[PDB]
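Side-chain atoms are counted along with the backbone in the values below, which use heavy atoms only and exclude waters and symmetry mates. We number each residue from 1, following the sequence as shown.
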Amino acid sequence: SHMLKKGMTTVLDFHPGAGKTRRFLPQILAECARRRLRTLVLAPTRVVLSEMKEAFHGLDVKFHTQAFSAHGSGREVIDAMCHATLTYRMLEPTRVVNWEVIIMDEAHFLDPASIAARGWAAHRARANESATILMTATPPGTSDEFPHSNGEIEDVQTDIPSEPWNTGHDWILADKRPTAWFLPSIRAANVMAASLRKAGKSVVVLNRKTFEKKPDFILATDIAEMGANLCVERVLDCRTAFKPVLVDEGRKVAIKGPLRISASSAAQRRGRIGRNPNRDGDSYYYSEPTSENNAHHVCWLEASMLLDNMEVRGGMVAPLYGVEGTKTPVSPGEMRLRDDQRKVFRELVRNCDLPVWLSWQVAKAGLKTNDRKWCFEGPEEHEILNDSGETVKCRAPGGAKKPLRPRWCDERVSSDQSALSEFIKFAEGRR
């Protein structure tokens with residue numbers, strides 16, 4: 001009952017779908033307001049932040065949806081924003097904000113900003129600067145694939161096709177319950193969607209786009225676009241995902257997969273159903289076993305790169321949160337850059353949309369943001385290829401047509417057509 005006392009760290013493991021964000025969060029925020037405690041509420045995704053806008057109606061909460069770039073109030077004792085928004089502000093060598101309470105909703109996402117934000121909030125509590133609350137049924141350290149739920153779930157281990165099929169999986173279409181299906185890639189999802197619609201099902205494919213209704217199938221590669229309103233009674237889970245992974249003794253980022261997911265990721269997929277205590281028998285179907293063996297995944301190093309450069313009172317060094325500190329290949333502080341390098345790192349990630357790992361390499365080499373020569377100076381083994389297996393050439397600085405051969409190789413800049421044309425636009429200056 002001292003959840004709001006400076007120095008306390010509290011993990012609140014509510015069952016999913018039980019008004020933790022439409023019941024608990026509003027009430028704890030009202031208490032923070034009554035105590036006049038400067039409070040920060042953090043969301044992992046725009047979907048969650050948008051939901052918070054709806055749940056907090058009535059409360060006086062300042063949302064920062066675009067950027068966090070001023071200090072003040074006017075009854076706004078509470079700020080709400082996404083992790084990246086917090087990260088971008090904290091990457092400037094500028095003014096520490098004295099939040100006394102930090103509340104992290106859905107505190108289980110594994111993107112680098114979410115991981116770094118957990119380490120940062122944990123540090124503020126250990127420094128006695130804040131009370132920190134993490135809300136999630138799968139906090140860092142857990143590895144239960146089948147945790148508690150409001151309503152009883154039927155778990156079924158079975159073969160699940162990852163491509164359209166002509167025989168042998170009759171159970172899938174015969175069940176008419178609204179279904180969410182996690183597939184390993186957007187390509188696979190699009191291909192499955194086309195097929196299911198040929199089979200007379202309604203299908204929605206969730207992806208990052210512009211848009212955001214009870215279809216037979218919702219297909220997705222992860223839980224990022226799934227909000228509180230998801231209307232589903234059955235989940236099929238391929239239990240695999242492609243991941244950017246550090247290879248060649250940490251010299252390169254390669255995209256590998258499909259790889260097995262962690263127990264808690266599988267639990268969060270399963271946790272889309274069983275949310276209604278009045279409805280028993282939601283079903284979770286899965287095939288592949290999970291794996292915790294993911295310490296070579298680049299997210300952990302990227303989180304470290306972010307956290308080591310997030311401005312903290314006293315400039316203290318801080319580790320990732322709990323067991324996550326065990327995942328990163330570096331010691332706390334080792335990725336800290338100096339101020340000028342930090343400004344470059346920040347602009348590359350925030351404004352040029354380069355991956356964190358790659359941006360750190362550029363910054364650490366002491367190169368400027370507008371200096372694009374590195375894109376052409378790597379060796380032949382760093383040559384980028386298009387979708388038909390040909391060398392990519394574009395306009396290097398000075399205008400000359402040169403093989404795209406970055407000094408540092410991060411396969412996320414060339415993984416598909418969209419990424420490649422963006423990387424080329426970057427390499428060419430802006431044209």
Side-chain angles (χ1 to χ4, degrees), residues 1-21 23-90 95-109 113-114 116-118 120-122 124-125 128-137 139 150 212 223-230 271 275-277:
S1 41
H2 295 276
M3 214 194 262
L4 303 175
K5 196 155 170 159
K6 270 182 199 146
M8 297 294 313
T9 299
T10 300
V11 174
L12 295 180
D13 62 338
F14 301 115
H15 295 351
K20 108 178 73 204
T21 298
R23 269 214 275 195
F24 173 77
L25 192 41
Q27 277 159 353
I28 193 66
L29 292 184
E31 176 174 357
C32 289
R34 279 188 306 266
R35 290 170 173 281
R36 283 300 280 173
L37 294 174
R38 285 221 41 180
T39 298
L40 174 66
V41 182
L42 289 169
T45 61
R46 297 185 217 253
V47 161
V48 176
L49 194 66
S50 281
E51 284 174 355
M52 281 169 184
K53 280 194 187 206
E54 66 176 326
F56 300 170
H57 260 54
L59 309 167
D60 224 280
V61 170
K62 181 59 197 187
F63 286 83
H64 299 88
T65 58
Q66 306 302 288
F68 178 46
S69 50
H71 69 288
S73 74
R75 212 265 176 281
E76 285 140 335
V77 65
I78 308 153
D79 297 294
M81 68 191 73
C82 289
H83 302 140
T85 301
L86 176 69
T87 300
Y88 297 145
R89 165 79 122 184
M90 300 308 140
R95 21 199 161 210
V96 188
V97 169
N98 182 20
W99 285 295
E100 308 162 89
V101 175
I102 295 161
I103 301 172
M104 307 189 76
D105 193 26
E106 296 291 89
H108 48 258
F109 279 71
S114 288
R118 293 194 284 274
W120 170 78
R124 285 196 54 89
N128 252 65
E129 285 161 10
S130 309
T132 290
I133 299 168
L134 300 225
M135 306 193 301
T136 170
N150 284 327
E212 358 84 30
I223 55 158
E225 287 76 35
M226 300 186 166
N229 61 118
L230 192 79
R275 289 185 176 206
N276 180 344

Would you say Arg275's side chain and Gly271's backbone share a donor-acceptor pair under 3.5 angstrom?
-> yes
Contacts of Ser114 meeting side-chain hydrogen bond (donor to acceptor under 3.5 Å, both in side chains) (sequence neighbours excluded), chain-then-number -> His83, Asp111
Without swapping roles, check the side chain of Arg95 against the backbone of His71 for a donor-acceptor pair under 3.5 Å.
-> no
Taking all heavy atoms of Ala125 and all of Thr9, pick out the closest pair and write down the distance.
-> CB-OG1, 3.4 Å
Who passes side chain to side chain contact (heavy atoms under 4.5 Å, CB included) against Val48, sequence neighbours left out?
-> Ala43, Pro44, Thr45, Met52, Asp105, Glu106
Just wondering, do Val101 and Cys32 contact through their side chains at under 4.5 Å, heavy atoms?
-> yes
Can you name the side-chain hydrogen bond (donor to acceptor under 3.5 Å, both in side chains) partners of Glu225, sequence neighbours left out?
-> none
How would you list, by chain and number, every residue that makes a side-chain hydrogen bond (donor to acceptor under 3.5 Å, both in side chains) with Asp13, sequence neighbours excluded?
-> none
Verdict with supporting geometry, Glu51 and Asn229, side chain to side chain contact (heavy atoms under 4.5 Å, CB included) = CA-CA 9 Å; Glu51 284 174 355; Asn229 61 118; 3.6 Å; yes
So do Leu40 and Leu86 actually touch side chain to side chain, heavy atoms under 4.5 Å?
-> yes
All salt bridge (charged side-chain N to carboxylate O under 4.0 Å, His left out) counterparts of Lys6, not counting sequence neighbours | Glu100
Taken in chain and number order and not counting sequence neighbours, the residues that satisfy side chain to side chain contact (heavy atoms under 4.5 Å, CB included) with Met3 are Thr10, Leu12, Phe24, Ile28, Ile133
Rounded to the nearest 0.5 Å, how far does CG of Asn98 lie from CD of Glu129?
-> 7.5 Å
Closest non-hydrogen atom pair between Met90 and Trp99, with its separation = CE-CZ3, 3.7 Å
Below 4.5 Å, heavy atoms only, C-beta onward: do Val96 and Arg124 meet side chain to side chain?
-> yes
Taken in chain and number order and not counting sequence neighbours, the residues that satisfy salt bridge (charged side-chain N to carboxylate O under 4.0 Å, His left out) with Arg38 are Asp79
Rounded to the nearest 0.5 Å, how far does CG of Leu29 lie from CD of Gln27?
-> 10.0 Å
Full working for side chain to side chain contact (heavy atoms under 4.5 Å, CB included) between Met135 and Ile103 = CA-CA 8 Å; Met135 306 193 301; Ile103 301 172; 3.9 Å; yes
Can you list the residues that meet the side-chain hydrogen bond (donor to acceptor under 3.5 Å, both in side chains) rule with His108, with sequence neighbours excluded?
-> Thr136, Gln268
Residues two or more places apart in sequence or in another chain: which of them pass salt bridge (charged side-chain N to carboxylate O under 4.0 Å, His left out) with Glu212?
-> none
Identify every side-chain donor-acceptor pair in residues 55-70 under 3.5 Å, counting partners at least two apart or on other chains, and give the distances.
from: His57; atom 1: ND1; to: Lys53; atom 2: O; distance (Å): 2.8

What's the verdict on side chain to side chain contact (heavy atoms under 4.5 Å, CB included) for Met81 and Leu42, showing C-alpha distance, side-chain angles and the deciding distance?
-> CA-CA 5 Å; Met81 68 191 73; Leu42 289 169; 3.8 Å; yes
For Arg46, the salt bridge (charged side-chain N to carboxylate O under 4.0 Å, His left out) test, sequence neighbours excluded, returns none
